[PDB]
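A quick write-up on the structure given underneath.
Number of protein chains: 2
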Amino acid sequence: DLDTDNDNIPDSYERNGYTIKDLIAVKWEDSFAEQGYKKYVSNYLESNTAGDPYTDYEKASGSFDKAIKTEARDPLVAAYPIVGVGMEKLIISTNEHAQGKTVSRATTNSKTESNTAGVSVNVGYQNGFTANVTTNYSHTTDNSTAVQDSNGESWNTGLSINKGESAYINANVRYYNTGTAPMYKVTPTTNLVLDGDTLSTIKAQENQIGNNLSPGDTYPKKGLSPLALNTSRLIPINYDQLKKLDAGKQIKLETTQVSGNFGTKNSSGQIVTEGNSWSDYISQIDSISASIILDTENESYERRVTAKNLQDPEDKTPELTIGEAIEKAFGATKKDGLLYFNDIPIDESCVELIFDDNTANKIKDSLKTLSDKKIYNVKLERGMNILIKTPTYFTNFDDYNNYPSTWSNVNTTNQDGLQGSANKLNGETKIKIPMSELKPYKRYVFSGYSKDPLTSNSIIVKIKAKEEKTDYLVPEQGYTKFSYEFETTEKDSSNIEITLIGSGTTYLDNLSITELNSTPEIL
Amino acid sequence: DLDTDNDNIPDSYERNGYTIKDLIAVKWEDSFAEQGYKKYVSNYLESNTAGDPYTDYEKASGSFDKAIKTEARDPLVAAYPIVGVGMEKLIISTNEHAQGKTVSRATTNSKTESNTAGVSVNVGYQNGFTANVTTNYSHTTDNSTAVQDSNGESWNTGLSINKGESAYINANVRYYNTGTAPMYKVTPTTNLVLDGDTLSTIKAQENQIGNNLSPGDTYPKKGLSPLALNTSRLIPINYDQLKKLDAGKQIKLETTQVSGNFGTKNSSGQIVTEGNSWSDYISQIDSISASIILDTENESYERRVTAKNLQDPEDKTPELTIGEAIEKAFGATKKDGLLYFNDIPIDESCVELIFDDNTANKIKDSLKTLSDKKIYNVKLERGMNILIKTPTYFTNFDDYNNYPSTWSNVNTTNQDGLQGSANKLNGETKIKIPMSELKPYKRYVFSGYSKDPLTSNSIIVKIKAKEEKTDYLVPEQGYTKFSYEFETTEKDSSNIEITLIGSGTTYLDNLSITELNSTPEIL
Ligand SMILES: [Ca+2]
Ligand SMILES: [Ca+2]
Ligand SMILES: [Ca+2]
Ligand SMILES: [Ca+2]
Ligand SMILES: [Ca+2]
Ligand SMILES: [Ca+2]
Numbered sequence: 218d219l220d221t222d223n224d225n226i227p228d229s230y231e232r233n234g235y236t237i238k239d240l241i242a243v244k245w246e247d248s249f250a251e252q253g254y255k256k257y258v259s260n261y262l263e264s265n266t267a268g269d270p271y272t273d274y275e276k277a278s279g280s281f282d283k284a285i286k287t288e289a290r291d292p293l294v295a296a297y298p299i300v301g302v303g304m305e306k307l308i309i310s311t312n313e314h315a319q320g321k322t323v324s325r326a327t328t329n330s331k332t333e334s335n336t337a338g339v340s341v342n343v344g345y346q347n348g349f350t351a352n353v354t355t356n357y358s359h360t361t362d363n364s365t366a367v368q369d370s371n372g373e374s375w376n377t378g379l380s381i382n383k384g385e386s387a388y389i390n391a392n393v394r395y396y397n398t399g400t401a402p403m404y405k406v407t408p409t410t411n412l413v414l415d416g417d418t419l420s421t422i423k424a425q426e427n428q429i430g431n432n433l434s435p436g437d438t439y440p441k442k443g444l445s446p447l448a449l450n451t457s458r459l460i461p462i463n464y465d466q467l468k469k470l471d472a473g474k475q476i477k478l479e480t481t482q483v484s485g486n487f488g489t490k491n492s493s494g495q496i497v498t499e500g501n502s503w504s505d506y507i508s509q510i511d512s513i514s515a516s517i518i519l520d521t522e523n524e525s526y527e528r529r530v531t532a533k534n535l536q537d538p539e540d541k542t543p544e545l546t547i548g549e550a551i552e553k554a555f556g557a558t559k560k561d562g563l564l565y566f567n568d569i570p571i572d573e574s575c576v577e578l579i580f581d582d583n584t585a586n587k588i589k590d591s592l593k594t595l596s597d598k599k600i601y602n603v604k605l606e607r608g609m610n611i612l613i614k615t616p617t618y619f620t621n622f623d624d625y626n627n628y629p630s631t632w633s634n635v636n637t638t639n640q641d642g643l644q645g646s647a648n649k650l651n652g653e654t655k656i657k658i659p660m661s662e663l664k665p666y667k668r669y670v671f672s673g674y675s676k677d678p679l680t681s682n683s684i685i686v687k688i689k690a691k692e693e694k695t696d697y698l699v700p701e702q703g704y705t706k707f708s709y710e711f712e713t714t715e716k717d718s719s720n721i722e723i724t725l726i727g728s729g730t731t732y733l734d735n736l737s738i739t740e741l742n743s744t745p746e747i748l
Numbered sequence: 218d219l220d221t222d223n224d225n226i227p228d229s230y231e232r233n234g235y236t237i238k239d240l241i242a243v244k245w246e247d248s249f250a251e252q253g254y255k256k257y258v259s260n261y262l263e264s265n266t267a268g269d270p271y272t273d274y275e276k277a278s279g280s281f282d283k284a285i286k287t288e289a290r291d292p293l294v295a296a297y298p299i300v301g302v303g304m305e306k307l308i309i310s311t312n313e314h315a319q320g321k322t323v324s325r326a327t328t329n330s331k332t333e334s335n336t337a338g339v340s341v342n343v344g345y346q347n348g349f350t351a352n353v354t355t356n357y358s359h360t361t362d363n364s365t366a367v368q369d370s371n372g373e374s375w376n377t378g379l380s381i382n383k384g385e386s387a388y389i390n391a392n393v394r395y396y397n398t399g400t401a402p403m404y405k406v407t408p409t410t411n412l413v414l415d416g417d418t419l420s421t422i423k424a425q426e427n428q429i430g431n432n433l434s435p436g437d438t439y440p441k442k443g444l445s446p447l448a449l450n451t457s458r459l460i461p462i463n464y465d466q467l468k469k470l471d472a473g474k475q476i477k478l479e480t481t482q483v484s485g486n487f488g489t490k491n492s493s494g495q496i497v498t499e500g501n502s503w504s505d506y507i508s509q510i511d512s513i514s515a516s517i518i519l520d521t522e523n524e525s526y527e528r529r530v531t532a533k534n535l536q537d538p539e540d541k542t543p544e545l546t547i548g549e550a551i552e553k554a555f556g557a558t559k560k561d562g563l564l565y566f567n568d569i570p571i572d573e574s575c576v577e578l579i580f581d582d583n584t585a586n587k588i589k590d591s592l593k594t595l596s597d598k599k600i601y602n603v604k605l606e607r608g609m610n611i612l613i614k615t616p617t618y619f620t621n622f623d624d625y626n627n628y629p630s631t632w633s634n635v636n637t638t639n640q641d642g643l644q645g646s647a648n649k650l651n652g653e654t655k656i657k658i659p660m661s662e663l664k665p666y667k668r669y670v671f672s673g674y675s676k677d678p679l680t681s682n683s684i685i686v687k688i689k690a691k692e693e694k695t696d697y698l699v700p701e702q703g704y705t706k707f708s709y710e711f712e713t714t715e716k717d718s719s720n721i722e723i724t725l726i727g728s729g730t731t732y733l734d735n736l737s738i739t740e741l742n743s744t745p746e747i748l
């Protein structure tokens with residue numbers, strides 16, 4: 218009844234109970250939990266509960282732009298777009314006009333690679349820290365170009381460059397937007413960076429863009445030929466970066482400064498998008514929220530949900546856990562003690578968690594006062610960076626098992642597992658996961674949980690590949706998370722062997738395989 | 218109960234008790250110091266207690282731009298942005314369009333290098349003056365560039381310049397803000413000066429910037445590529466500076482004028498930044514305040530905090546000492562007798578304090594009337610220039626010990642120290658601090674306090690480097706601040722030794738190692 222801000226949601230409703238139905242506001246009482254309505258909590262001191270240019274009434278009543286993702290309807294979640302550029306095919310011709321020697325390679329853009337390339341894992345995890353620390357944290361703007369169609373052949377051989385000259389470079393690209401907001405007068409600047417050697421800056425203008433870029437699409441819309449770099458001329462190169470690129474290094478591509486407007490609905494008619502900008506509010510959004518990246522094996526999200534300053538009782542903003550933030554940011558189906566995506570079982574024991582040094586130190590500090598020792602029951606403070614990686618394959622010996630192949634001696638008939646049941650061991654356990662399904666010249670992590678209600682009954686693992694290893698593991702009365710690395714190579718090799726030899730007492734649960742980054746092939 | 222300004226805070230509350238909670242003002246009764254609420258004090262003759270475009274109500278209540286630092290929520294702390302230019306990579310090419321003979325070198329920018337370059341250090345500090353006098357005081361507008369990748373090789377050999385001609389010069393720059401205020405319509409002028417020969421006046425324009433620069437942010441936001449000078458043409462140089470830059474002089478780069486606006490909350494919607502300027506309150510803030518620079522090893526701050534004219538009985542403005550200004554300007558945690566930043570124990574005996582002639586002589590004058598002989602218990606004066614430099618390493622035989630190398634014959638089981646405990650001396654005292662963790666070819670100072678409850682018992686010290694030195698130090702009943710200079714060299718040398726022989730009576734405390742400025746090299 219009592220109103221604070223210029224939003225129709227009152228002080229008693231801005232916090233502690235939050236529902237909008239048929240363009241009026243009602244409290245939350247768990248009577249319409251599965252009837253398409255969710256509970257929120259907003260700041261009661263700002264109608265713009267997030268850093269958004271929207272009142273929390275404007276953003277949660279449907280009274281806003283329909284191109285905005287409904288994940289931004291939560292008042293704590295801010296509408297925030299991120300545009301990057303995917304790399305498709307690299308063509309190298311020795312002319313400045315556009319004949320001559322020319323090579324062409326198929327390039328794949330990896331977005332979340334540099335964030336996760338400098339990650340090195342131990343065999344075991346100390347304390348309740350069930351995650352690892354990245355060396356550096358990078359957002360979803362940068363892209364790393366991997367050459368796939370690269371047999372043993374030097375790049376110099378296809379161009380025949382002797383002493384000082386070089387060719388010219390041309391590229392195939394995609395212009396993706398990954399955020400909870402739409403984007404209109406897109407003007408991105410972009411650096412073509414080879415380990416700091418920026419070959420050129422290309423700005424995408426507006427003509428080769430079109431005056432709309434909705435979230436979740438490239439400029440070449442889905443299945444289409446990628447846009448070449450001639451529509457605004459050729460990029461030069463010199464013979465220092467050729468053997469640099471040839472041997473181990475890859476070309477990188479980074480969007481530097483992306484400029485444009487947003488749209489606001491007018492009084493009478495259709496939208497107007499002229500007198501706005503996603504430049505005057507970027508820092509306002511980026512300062513109040515933490516930064517959370519979700520990364521499946523085929524797409525990614527990145528969200529900014531407003532958090533709390535702990536050293537500020539004057540700051541009266543809602544406080545949520547990690548899991549509450551993930552549910553109200555990305556959208557999650559709440560099963561009993563579990564969060565789900567549309568299909569992926571997401572948990573602190575089902576995916577891979579990555580934090581930079583500040584976030585890792587903060588959660589290491591916070592885990593100690595927890596009486597439960599879990600990652601997700603930690604309140605969010607303003608301004609941390611969190612990354613979530615879905616593993617490539619995952620089973621929990623439960624409803625979810627998307628494996629390429631099954632094991633040997635699977636005794637899942639159990640109930641003292643982490644999620645219900647668990648897989649018993651009696652003898653060996655075998656998987657022969659093929660060469661062609663896996664991506665060449667990459668790095669992969671096999672992780673699992675082993676529990677043993679015995680004193681010193683132990684297991685041995687063996688990962689047989691081109692870089693094979695044999696390791697010894699001791700489980701105990703508690704559950705043990707273990708991780709072991711291996712490297713992929715090109716597809717003309719044999720299959721991939723993983724063998725586990727136990728002693729019939731150790732129990733295995735929640736086995737996952739994830740990708741980390743690509744090892745550079747020698748060329 | 219009496220209102221004087223247009224500030225809702227009354228006459229009885231604009232002085233002697235000052236708290237904003239939930240956009241109302243209450244007196245200070247120290248029932249609420251430890252819940253994140255700081256005590257302040259404002260004018261009652263002017264609405265804007267500082268020279269900022271904010272009243273004391275506007276700036277201390279959250280009723281202002283959220284991009285402004287909360288250290289500027291203190292009404293005595295003025296919103297004052299200082300934008301400097303980081304220098305990253307120096308590339309020399311002999312062409313005009315952008319082939320030819322090129323070199324590329326790694327350069328590092330120091331903000332406070334010229335301010336602390338004229339610092340001459342006494343081994344024995346007279347009076348309570350436990351500090352030094354710099355010859356010159358410079359703000360955070362200038363930068364000095366040191367070239368790192370320097371083997372023995374002249375610049376002229378790599379370009380082969382005989383008589384009159386020369387190449388052109390190209391640069392990598394970043395554009396940081398160091399102040400308690402934001403920045404929008406960035407129009408800076410920056411001179412590229414080589415010992416008086418300004419090689420260019422580079423203007424950043426606005427397109428290569430974007431219309432925002434937050435406090436504490438470069439133009440390439442954190443991890444990116446630095447902005448280059450081809451997006457606005459090449460810069461020339463001539464063959465009088467080629468040997469000059471080669472032999473002794475390094476290029477400096479300083480901002481002269483920066484133009485641009487700030488942002489105000491409108492009546493209806495969002496912030497507006499057209500009808501503002503960071504060129505009119507610059508003189509209002511720079512002239513009413515002292516100029517206080519803080520220099521960590523990894524960033525720098527520069528604040529202008531309003532001071533008092535002591536020759537003015539009608540002027541009723543708040544008055545603070547050095548420490549009160551530091552706390553209210555930077556944000557500090559108060560331990561028992563200690564000011565803390567995030568981790569650094571800051572004091573008048575834990576860091577280096579630097580004053581130009583005006584501030585240093587006024588401090589020496591103020592030292593006589595004080596009965597405590599400490600530096601921080603001096604009232605601030607208008608238009609004073611105070612610089613604080615942290616030591617690179619600092620230990621006090623206490624909770625704070627960040628020395629990577631460790632000492633010998635350390636008996637910290639004592640309590641007659643300056644800060645609690647002290648280290649007893651028996652025989653030799655050794656430290657082998659290696660070449661890897663010290664910055665090559667730069668001037669460093671080993672400083673400490675020696676106290677001796679005996680008549681003439683003394684020590685000998687020895688700082689062994691490429692120049693080794695032995696000194697004789699006599700301590701007495703009081704605490705003695707002593708300092709010894711030394712120079713680092715290239716990493717192909719041996720370790721750095723600091724040794725001292727005592728006589729079993731001398732006591733040592735508060736040992737620090739700081740750095741003053743870089744030295745030119747033979748080339
Ligand atoms: Ca309200
Ligand atoms: Ca609100
Ligand atoms: Ca299970
Ligand atoms: Ca007033
Ligand atoms: Ca006032
Ligand atoms: Ca001490």
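Quick mapping for you: the protein sequence lines, in order, are chains A and B. Numbering-wise, the first sequence is residues 218 to 315, 319 to 451, 457 to 748 according to full-length UniProt numbering. Numbering-wise, the second sequence is residues 218 to 315, 319 to 451, 457 to 748 according to full-length UniProt numbering. Cβ coordinates follow ideal geometry from the N, Cα and C atoms, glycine included.
Closest by C-alpha distance to residue i, when choosing among the options
i: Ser492 of chain B; options: B:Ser280, B:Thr594 and B:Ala337; result: B:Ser280
i: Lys587 of chain A; options: A:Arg607, A:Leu736 and A:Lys490; result: A:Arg607
i: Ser630 of chain B; options: B:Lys667, B:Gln252, B:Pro570 and B:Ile723; result: B:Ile723
i: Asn486 of chain B; options: B:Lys405, B:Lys383 and B:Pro538; result: B:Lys405
i: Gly384 of chain B; options: B:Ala277, B:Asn376 and B:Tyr464; result: B:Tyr464
Buried versus exposed, by CB contacts within 10 Å (16 or more), residue i
i: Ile747 of chain A; result: exposed
6 Å CB neighbourhood of residue i in its chain, flanking five on each side removed
i: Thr355 of chain B; result: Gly338
Contact set for residue i: own chain, Cβ-Cβ below 8 Å, skip 5 residues either direction
i: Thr360 of chain A; result: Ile299, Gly301, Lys331, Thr332, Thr398, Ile518, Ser525 and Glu527
i: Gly488 of chain B; result: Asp282, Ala284, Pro402, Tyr404, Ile496, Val497, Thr498 and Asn501
i: residue 456 of chain B; result: Between 451 and 457 the numbering of chain B has a gap, and residue 456 of chain B falls inside it, with no coordinates.
Residue span of the alpha helix (DSSP H) that contains residue i, given as start and end
i: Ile547 of chain B; result: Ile547 to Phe555
i: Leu470 of chain B; result: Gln466 to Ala472
i: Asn586 of chain B; result: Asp582 to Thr594
Residue i, enclosing beta strand (DSSP E) - first and last residue
i: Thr620 of chain B; result: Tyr618 to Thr620
i: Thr421 of chain A; result: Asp417 to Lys423
i: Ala326 of chain B; result: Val323 to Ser330
Residues of its chain near residue i, where Cβ-Cβ distance is below 7 Å and the 5 sequence neighbours each way are ignored
i: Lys599 of chain A; result: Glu573
i: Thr744 of chain A; result: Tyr666, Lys667, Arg668 and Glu712
i: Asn602 of chain B; result: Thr546 and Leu595
CB contact below 9 Å: residue i versus chain D
i: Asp224 of chain B; result: The structure shown has no chain D; the protein chains it does contain are A and B.
Quiz item: If we count Cβ pairs, one from each stretch, closer than 8 Å, do we get three or more for the segment 320-330 of chain A versus the segment 358-370 of chain A?
Solution: yes
Quiz prompt | Touch test, the segment 395-414 of chain B against the segment 457-477 of chain A, Cβ-Cβ under 8 Å, three pairs minimum | solution = With a cut-off of 8 Å, the segment 457-477 of chain A and the segment 395-414 of chain B do not count as touching, because too few Cβ pairs lie within range.
Quiz item: Is it true that the segment 673-681 of chain A meets the segment 653-662 of chain A, where meeting means three or more beta-carbon pairs spaced less than 8 Å apart?
Solution: no
Quiz item: Quick one: any contact between the segment 536-543 of chain B and the segment 258-267 of chain B, if contact means 3 or more CB pairs under 8 Å?
Solution: yes
Exercise. Spell out a yes or no on whether the segment 229-247 of chain B and the segment 733-746 of chain A are touching, meaning 3 or more CB-CB pairs, one atom from each, closer than 8 Å.
Key: no
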